[PDB]
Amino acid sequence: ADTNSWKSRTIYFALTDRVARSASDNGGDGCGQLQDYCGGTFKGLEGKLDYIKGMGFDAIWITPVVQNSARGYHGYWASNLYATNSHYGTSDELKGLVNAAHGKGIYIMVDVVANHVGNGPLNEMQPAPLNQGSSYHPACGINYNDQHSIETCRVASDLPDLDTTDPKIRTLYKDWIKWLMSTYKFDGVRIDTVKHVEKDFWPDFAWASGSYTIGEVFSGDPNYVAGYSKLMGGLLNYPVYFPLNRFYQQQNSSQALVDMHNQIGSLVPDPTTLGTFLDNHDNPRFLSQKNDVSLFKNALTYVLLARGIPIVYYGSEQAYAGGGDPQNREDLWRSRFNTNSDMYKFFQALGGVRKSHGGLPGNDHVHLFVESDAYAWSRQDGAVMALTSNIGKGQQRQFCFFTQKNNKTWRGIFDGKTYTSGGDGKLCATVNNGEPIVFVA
């Protein structure tokens, strides 16, 4: 599917090894060693498509699917591009997962790596010429202040860095992504390690995909990130990630979030193609950093209802709180896939708002109220409106703001209350327990 189709999607980002063990997995004692395979499978994820859909997601980003070197539970350590990772299942089981998702109106986005291979023996790498030393840069330690180093040095000391300027390597990866997409029928691609490969590799690779591509450029600098924005369909919104977290963890005002939202939006071709996220598999979970479910809900209100494509990290809906990798990659079966959890029902409510408004694909995010401790905005000409704050659990405040809609009525989706703006479009609302208020006409 094309960029335009993805703009209205809502993405659940899952580690395949960490969702479900089988079609019959309805929960169990968790996985003890999070640095090793926990036993999630394609067939297990297939049995959880209803669980995912029931919160309002209509797309799943899965970690890489290719055969990996030892202990590559996360998929990022390729050893054979043209074989599936047997720990998750066979090729036919991967097709069955995708086909099951398509039958339920769900897109599958596949994560891919072109920068590097795994840490297994060179002589087991496939296909040719990946088993030749000459296919790689000599090993060097990355200096993140030097772009040459970022591109030619190793992302980790044991992960050989491909010589991506070699025409033979460029054709290997183009032919491979075309085969992958044709064979398995994926709807989109997440491109790992984009800043680690020279820019002129990317357009041909992205176009070979045949679908929307979203790139990972791990940087808070919006100028740097936006320099990749014309090479692929969208980018992960790392620039917003930083001040998003600083506001909702009570570290800074909302002004830096609004500033960065405006700045990155102005620098890319189409800010509706950016992927908005609060946490992921490479950073501690929100609740590890700030143990306050009210603040998490406020932050997630931005993720779900701001401009851009929301990307929610699996386990958020069970209030997971693990810290740095691998502790942020807890299995989901320990939670027993509780569809009555507080966070599950929260995601389900915001998913219903998105569904009733077309998946909110517009470039129509109007800042309404921007203060030390509060942020409100609307979408769709005032049809949907969010008031968020960083006051925290157990706190009450009144916030009054101009809605730009005269004499208009909304319903609070959480509290059921009727909210009416005045003749001047001014609305006052009182936040309770630090919880966000979402308003729908």
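Residues carry their position along the shown sequence, with the first being 1.
Trainee: Output the stretch having the higher mean C-alpha B factor in the entry; the candidates are 370-378 and 63-71.
Mentor: Per the PDB entry, the higher value belongs to 370-378.
Trainee: Averaging the C-alpha B factors as listed in the entry, name the stretch that ends up higher: 7-15 or 415-423.
Mentor: Higher of the two, by average CA B-factor, is 415-423.
Trainee: According to the Cα B-factor stored in this entry, which of the following is highest: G394, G40, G27, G47?
Mentor: Top of the list by C-alpha B-factor: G394.
Trainee: Name the residue from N280, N99, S294, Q251 with the greatest C-alpha temperature factor listed in the entry.
Mentor: Of the candidates given, the C-alpha B-factor peaks at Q251.
Trainee: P310: which third of its chain by C-alpha temperature factor?
Mentor: Its C-alpha B-factor, which the entry lists for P310, ranks in the lowest third among residues of this chain.
Trainee: Compared with the other modelled residues in the chain, in which third is the CA B-factor of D270?
Mentor: According to the entry, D270 has a C-alpha B-factor in the chain's highest third.
Trainee: Compare the C-alpha B factor of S341 with those of the other modelled residues in its chain, then answer lowest, middle or highest third.
Mentor: According to the entry, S341 has a C-alpha B-factor in the chain's middle third.
Trainee: Compared with the other modelled residues in the chain, in which third is the CA B-factor of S134?
Mentor: For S134, whose C-alpha B-factor we compare with every modelled residue in the chain, the answer is the highest third.
Trainee: For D161, does the deposited CA B-factor place it in the lowest, middle or highest third of the chain?
Mentor: Middle third by C-alpha B-factor.
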